[PDB]
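Have a look at the structure below before the remarks.
All of the numbers you see were taken from the coordinates with simple rules; none came from a lab. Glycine gets a Cβ as well: all are built from the backbone with ideal geometry, and neighbour counts include every protein chain shown.
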Amino acid sequence: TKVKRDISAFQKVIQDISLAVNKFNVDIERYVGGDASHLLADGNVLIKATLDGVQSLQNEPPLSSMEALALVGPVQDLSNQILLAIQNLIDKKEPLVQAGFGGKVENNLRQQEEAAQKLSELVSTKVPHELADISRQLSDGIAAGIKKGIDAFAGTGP
Ligand SMILES: CCCCC/C=C\C/C=C\C/C=C\C/C=C\CCCC(=O)O
Ligand SMILES: CCCCC/C=C\C/C=C\C/C=C\C/C=C\CCCC(=O)O
């Protein structure tokens, strides 16, 4: 159909989360040690964007296969960026722990986990059946990644 649904609410959520994840990746990749308060702030922006997506999308009708198809690439890219973020964070465990931030990072990751779960549960109600398996796999990959981050930092605080 040439009729285009206003899917701007979905696009906005993807964009807001992407901006937060990308900013975190910029800062983590250049982090080599020292105070990590800015990284925790980046994490907080990401949690707030995630929670905002739950609030923005709660009442949106489910996506058709055609509507979902236009969001597939954007979602896949965002999944890739989130998995990069988690791996980048784990890669910087040593300077983070040296700086006395390991517990703070653990705490932030536990909040990321809870927010991601809320959004994932909501997204599962909006995706059409044709994309349900692939969406669940992308969601599970994110959830499992966050947990690997939690495992990496668990108990490393002062
Ligand atoms: C495979 C694409 C399915 C259609 C997409 C439907 C809704 C996505 C819209 C908003 C959710 C916001 C961000 C998604 C973040 C990470 C990857 C989600 C994986 C998934 O759970 O999809
Ligand atoms: C100081 C710690 C900062 C860590 C920040 C780095 C990574 C956090 C990882 C994941 C959270 C990011 C985005 C959540 C996006 C969508 C929720 C899943 C929706 C779905 O799947 O449908």
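Values for this structure:
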| read-out | value |
| --- | --- |
| Degrees, to the nearest 10: 102-124 long Cα axis against longest axis of the chain | 10 degrees |
| Inter-centroid distance (Cα atoms) of region 82-115 relative to region 1-51, Å | 15 Å |
| Electrostatic dipole magnitude of the chain [Cβ: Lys, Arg +1; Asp, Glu -1; Cα centre; debye, to 20] | 180 debye |
| Label-point gap, in nm, between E130 and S64 - each point 7 angstrom along Cα→Cβ | 1.0 nm |
| Nearby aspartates and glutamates by direct alpha-carbon distance to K147 (threshold 19 angstrom, same-chain neighbours under 8 apart not counted) | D42, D91, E94, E106, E113, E114, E121 |
| 0 to 90° range, to nearest 10: angle between helix 37-57 axis and the chain longest Cα axis | 20 degrees |
| Cα long-axis angle, helix 65-91 against the chain (0 to 90 degrees, to the nearest 10) | 10 degrees |
| Furthest towards positive pole of dipole, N80, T125, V105, structure part the chain, Cβ charges | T125 |
